[PDB]
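Just below is one structure, and these are the notes that go with it.
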Amino acid sequence: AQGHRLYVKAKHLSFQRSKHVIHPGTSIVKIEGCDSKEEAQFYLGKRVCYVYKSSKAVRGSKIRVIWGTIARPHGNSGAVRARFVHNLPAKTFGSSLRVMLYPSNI
Amino acid sequence: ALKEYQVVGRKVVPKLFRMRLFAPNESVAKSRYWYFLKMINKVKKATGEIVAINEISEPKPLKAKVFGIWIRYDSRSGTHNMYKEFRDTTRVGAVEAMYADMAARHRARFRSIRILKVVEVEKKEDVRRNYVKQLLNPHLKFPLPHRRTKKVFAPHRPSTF
Amino acid sequence: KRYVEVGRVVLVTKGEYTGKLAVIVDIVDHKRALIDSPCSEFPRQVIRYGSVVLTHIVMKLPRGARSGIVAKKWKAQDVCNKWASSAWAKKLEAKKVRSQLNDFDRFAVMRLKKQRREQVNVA
Amino acid sequence: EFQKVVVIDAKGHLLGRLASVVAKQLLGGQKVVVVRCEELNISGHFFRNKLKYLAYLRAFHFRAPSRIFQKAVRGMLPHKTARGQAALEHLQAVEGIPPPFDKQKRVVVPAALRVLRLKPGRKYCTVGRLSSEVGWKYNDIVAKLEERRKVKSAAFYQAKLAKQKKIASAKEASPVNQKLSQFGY
Amino acid sequence: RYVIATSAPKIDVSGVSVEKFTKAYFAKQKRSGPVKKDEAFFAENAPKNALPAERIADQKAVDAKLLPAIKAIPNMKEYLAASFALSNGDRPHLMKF
Amino acid sequence: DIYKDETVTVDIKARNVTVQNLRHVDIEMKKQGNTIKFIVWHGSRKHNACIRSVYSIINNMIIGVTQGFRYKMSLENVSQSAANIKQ
RNA sequence: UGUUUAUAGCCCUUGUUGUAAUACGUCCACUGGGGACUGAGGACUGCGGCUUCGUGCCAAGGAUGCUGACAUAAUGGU
RNA sequence: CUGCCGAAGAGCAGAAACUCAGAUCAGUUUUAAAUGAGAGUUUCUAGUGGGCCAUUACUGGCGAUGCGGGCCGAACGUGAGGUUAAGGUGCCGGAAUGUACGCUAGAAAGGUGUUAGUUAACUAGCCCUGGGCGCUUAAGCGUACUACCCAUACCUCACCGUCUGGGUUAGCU
RNA sequence: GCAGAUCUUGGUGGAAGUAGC
RNA sequence: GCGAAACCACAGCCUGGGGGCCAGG
RNA sequence: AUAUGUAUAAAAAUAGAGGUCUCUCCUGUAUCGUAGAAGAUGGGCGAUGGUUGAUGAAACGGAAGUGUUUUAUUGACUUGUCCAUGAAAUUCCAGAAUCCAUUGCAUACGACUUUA
């Protein structure tokens, strides 16, 4: 209704990992409405970001953003692999990410 | 997927032996033929050679037929003979059902099963299976069972009717 | 009211023929059935019931009919525009059309539904 | 599509399937509320789950159906970790339907429904009746409260439908709905 | 890479000269600001970068050459005055622009 | 079985065959005319065992409803009550 | 109940529309896109390709070009 | 401190000296040549001559050996990316609550329990008797076809090191 | 060129304000 | 009021499987 | 005593329900809201609309009712429709209790019962 939103909601699922070894350098991101690796091909290369609060007024704001990028699909059920400029904290599992629509090709 | 293959071979004017067997690809067919020939006329694999390996399609793939299949089982005792009938539209289609059925009921493997003969029974009287006869009734009409049908957490309960 | 039988017309929901309309010609077994359609792009094939929904419409058809005669039977009994008569097809075609609008057409619908809501006249 | 709070009607759902669906949602940061937990269904005859529970009775032994489901989710979560304990606090499993939740939409999980997962004729147990036999003694009042809520909700639906009749009639009354109906709406 | 190309009907733009819009036209003012070492301290000399008149004139000229094209075809004026924004249930991987 | 169908009103709403109930066993009723075509579409031998009982139970209830007599020396209910009375 | 296309049609053989079609297998020194990682080397030497010859040009013996943001900061560490 | 070589469990490991594709070899195979590798020698001079496991005294494996799975897989410089083995994809847990075909606790003989067959009797399978949560047209069991997950393994590139081979002086602006 | 030799020497702990007078 | 000493890798919830390991309570 | 529109409420069955002998289901890819210098400044046409903020109320909600309406005003916006001005060089993303005292229905000591 209000609008002014140009992003697709996403969740930080977990890191890339085997059963016992984890890799914080790549993260697993589930995007809203993307349920297959065929649809996940659309969101590759898009810019995904994590936005959170703080306490210090960095340039007069309490907001902080960690940018990223979608790299490849993961699995069959629409999960994707996202690389972030700084590896996301482990405390942000299940948090809400923002998948912008740029760079765009459609 | 399984495929019908006609294998003809003979030892290096020796008699030519041709037979129809079902294999996933040609290489399995030729080895299977040699194993079958080894236990029939005692011809060595190394001595013999294959003269023709051809793939066979279904002449009438869109017509429902009944196939009677005679096979040899290997069990705990390793000696058994059965005959089963399947209704489908392809000779290879019934064979997959035959292999799936026996691996299900009798816990079989592809190696322990050898096809003795497969025939197409076109006479309804010749059918010896009650299920086959029932499926061939002129008034065959039954509701579809076992239907049951991401988007988890659907909004309304399924109709399922 | 939906009995899998010879002559019943079914709608394919899986594979590359989703949304195509076909009619059972023969019952292969308890897991498969042979279907056909007057439409040329629909070939004669044997498929399982897990890919179809049983349409309540029933057409009279001899068992094992060829593809060409099936089209004549379909034309004779006018199955076309009879399937579309039911609200089922109308919703499906409306959804199919609603999957094609670009941003402009969606913005036109924005205005249209705005021209329709403003009344809300009640007694 | 995911949002922050969901209410799930547990009637006609299998215990394991629904709990596994719920557990995966909780670890994803989604707050989940399950209502009517005493209408949950379990595959197998009544005695089978009955001997399972009495074996468990032979650790705190809890009889309520809502806490039977809560234990099922708990085993499916990393409860020994701070992450798992955080997820568990996001789950509110209740019996019946509390008044704060009866005025909100309730979704169901097709992957967990008993009708879509159990062969017809298969015997199945109900958690509510199983709990009522192992020590739970509140199913009389819960059932009675269910009838009152169902009656009140039924009246609301009739009022909603009656109001819906006016707008539905006025829909085709306006020629705009048919002027550009080609858009599919 | 930062624009969504829609299938909306194209606007007649052949009637406006565009060859004047080059790399130099859009470039930014090269760093300069000729200053002396008494006003840089007590920094009150900074002018403003208000867009000059000819930029306004070019914008008005473009508007004159574009408005009839968008007025003739319906809904263009309201479409362009609008903004694009997503809502619940909108899936960009399936919406056809 | 593939089709083990058998035979006031016969209304079969919600598997209740109110003329009575048939919810206990999945067998169809279909209320075919005066009869109730109690169909079985590829079910299980338990369904075949139930239909033979259900057919007699429905017939006994129908016979009892039309004329239950006394049979001193509700069909199953009367017989169980008589056995309970005897005990 | 019994019959042989009629007021349904079905199965088998041949001819024909036949240089059918499609599926499958395989190949193209055919071709159109999307995404990610990397940029080692440091004048020219070479192998090639276009171009009339050209200090000619080139995707050819390893990345360049065009921009933007910051010094009260951006960035990176403890 | 780092690097390199490296056992044993007379032989096995190096160093000098020589003689060398125009030379002989081989934990190999065919026949009664194929293929891989440059082959050797005299001399000395350290270390050890335990045992255990498994298949058939032999053979390996353990031992001086970490890594993935839970014996199977895999021989390890520092990393980026890709792809896999074994094992897996309901949740814990990365990955299909995949598709298709089937049977019904599960991962000597008895049974009026069941399903397919042979000639009332037998054959075959499941049930009773003699990691967690949970699961039931499965998330159990068997077969088949796809997709997916990730090892210190494989491939590509960067970098460190070692080894082997080559270049480099009228020291050319 | 030290982490250890119930290492040597010195210093300081918990026991503990305990046992105890 | 006075006031030790021996001793001390580290510490202290159970069950099962291989006093901290694995899975649960 | 003191969080990016945070939208969507019948029951029961999958071998039947709902609504008026007839009709519908076969998921929400639906429905409500969705254009505005982050939502500016004006004019006309058509209905008594819609969205609300603040007062005044009365009816309903007890399972955890903390919410549902009906409204009587007041103050705004209104894109229902069609026109008139403004956005820019952000010149390509970032008043109690207790102690003291007291009671013995209590009591190793606390605690309890009392008063006090």
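Can you put C:39, F:50 in order of Cβ neighbours within 10 angstrom, beginning with the fewest?
Ascending Cβ contact count within 10 Å gives the list C:39, F:50.
Under 10 Å from the Cβ of residue A:100, count the other residues' Cβ atoms, weight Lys and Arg +1, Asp and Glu -1, and hand me the total.
After counting each charged neighbour, the total is +3.
Just grab the label-to-label distance for residue A:104 and residue F:6, each label 7 Å out from Cα along the Cβ direction, in nm (one decimal).
A separation of 6.8 nm, rounded to one decimal place.
Cross-link list C:91/C:114; B:3/B:60; C:113/D:163; D:171/E:10: which exceed 24 angstrom alpha carbon to alpha carbon?
Violating the 24 Å Cα-Cα cut-off are D:171/E:10.
Please give the residues of the stretch B:8-25, grouped as numeric ranges, whose backbone N is less than 20 Å from a label point set 7 Å along the Cα-to-Cβ vector of residue B:50.
B:8-12, B:14-25
Would you mind ranking F:6, A:32, E:39 so that the residue whose beta carbon has the fewest other beta carbons within 10 Å leads the list?
Ordered from fewest to most neighbouring Cβ atoms within 10 Å, F:6, A:32, E:39 come out as E:39, F:6, A:32.
As a footprinting exposure proxy, order B:70, D:136 by other Cβ within 10 Å, with the fewest listed first.
With the sparsest Cβ surroundings first, the list reads B:70, D:136.
If we restrict to alpha carbons, what Rg and Dmax does the stretch D:92-158 come to, in Å?
According to the Cα coordinates of the stretch D:92-158, Rg and Dmax are 14.7, 39 Å.
Angle, helix E:53-72 long axis vs. longest principal axis of chain E, Cα atoms, 0 to 90°, nearest 10?
10
When only alpha-carbon atoms are used, what values of Rg and Dmax, in angstrom, describe the stretch B:40-161?
Considering the stretch B:40-161 through its Cα atoms, Rg and Dmax are 20.5, 70 Å.
Using 10 Å bins from zero, what percent of all Cα-Cα pairs in chain A falls into each bin?
Histogramming chain A at 10 Å steps yields 15, 46, 30, 8, 1 percent.
Please list the three semi-axes, largest first and in whole Å, of the ellipsoid equivalent to chain F, using sqrt of 5 times the eigenvalues of its alpha carbon gyration tensor. Display every interim value, and only then the final one.
Numbers: eigenvalues 136, 49, 21 Å².
Sorted largest first and rounded, they come to 26, 16, 10 Å.
Roughly what would the spin-label model give for residue D:141 and residue C:86, points 7 Å off Cα along C-beta, in nm?
Label at residue D:141, label at residue C:86, 5.0 nm between them.
Using alpha carbons only, how many degrees (0 to 90, rounded to 10) separate the axis of helix C:87-98 from the longest principal axis of chain C?
Rounded to the nearest ten degrees, it is 60.
Within the stretch D:84-126, name every residue whose backbone N is under 14 Å away from a label modeled 7 Å from Cα of residue C:94 along the Cβ vector.
Under 14 Å, as judged by backbone N against the label point of residue C:94, lies no residue of the stretch D:84-126.
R0 = 51 Å: FRET efficiency of residue A:53 with residue B:159, Cβ-based, nearest 0.05?
0.65
Once you've got the Cα coordinates, tell me which of F:4/F:30; C:90/F:13; C:20/C:82 are over 19 Å apart.
C:90/F:13
Using square roots of five times the C-alpha gyration tensor eigenvalues, list the equivalent-ellipsoid semi-axes of chain C in whole Å, biggest first.
Over the Cα atoms of chain C, the ellipsoid semi-axes are 37, 16, 14 Å.
Counting each DSSP H run of 4 or more residues in chain C as -39500 (n - 2.57), what helix-only mean residue ellipticity at 222 nm follows after dividing by all residues, to the nearest 500 deg cm²/dmol?
On the way: 3 runs with 38 residues, N = 123.
My calculation for chain C gives -9500 deg cm²/dmol from helical runs alone.
Bins of 5 Å, beginning at zero and ending with the bin holding the largest distance: percent of Cα pairs per bin for the stretch B:1-61, please.
Percent of Cα pairs in each bin: 4, 19, 31, 22, 13, 7, 3, 1.
Using the Cα atoms of the protein assembly as shown to build a convex hull, what is its mean projected area in square nanometres? Mind dumping the intermediate values first?
Working: hull surface 238.4 nm².
Average of the hull's projected areas for the protein assembly as shown equals 59.6 nm².
Give a residue-ordered list of calculated ³J(HN,Hα) values for the stretch E:2-16 (Karplus: 6.51 cos²θ - 1.76 cosθ + 1.60, θ = phi - 60°; whole Hz; x for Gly, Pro).
10, 9, 9, 7, 8, 9, 5, x, 6, 9, 5, 10, 5, x, 10
With +1 on each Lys and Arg Cβ and -1 on each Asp and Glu Cβ, and nothing else charged, work out how big the dipole of the protein assembly as shown is about its Cα centre, in Debye to the nearest 20.
Numbers: 150 positive and 58 negative charges, 320 e Å.
Dipole of the protein assembly as shown, to the nearest 20 debye: 1540 debye.
Round to the nearest 0.05 the FRET efficiency obtained for residue B:57 and residue D:61 when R0 = 51 Å and r is the Cβ-Cβ distance.
Values: r = 66 Å, r/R0 = 1.30.
Efficiency, from the Cβ-Cβ distance: 0.15.
What FRET efficiency would be calculated for the residue pair residue D:48, residue D:107, taking the C-beta separation as r and a Förster radius of 35 Å, to the nearest 0.05?
Numbers: r = 30 Å, r/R0 = 0.84.
The pair residue D:48/residue D:107 has a calculated efficiency of 0.75.
Can you bin every Cα-Cα distance in chain E into 5 Å intervals starting at zero and give me the percent of pairs per bin, rounded to whole numbers?
Pair shares across the bins are 2, 8, 12, 14, 14, 13, 11, 9, 7, 5, 4, 2, 0.
For the residue pair residue F:82 and residue E:60, what label-to-label distance in nm results when each label sits 7 Å from Cα along the Cα-to-beta-carbon direction?
It works out to 11.2 nm between the two label points.
State the number of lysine pairs found in chain A whose Cα atoms come within less than 13 Å, restricting to pairs 8 or more positions apart or on distinct chains.
5
Only the coordinates and a few stated rules stand behind these numbers; no lab work does. Ideal geometry is used to build each Cβ from the backbone, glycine not excepted, and the neighbour counts take in all protein chains shown.
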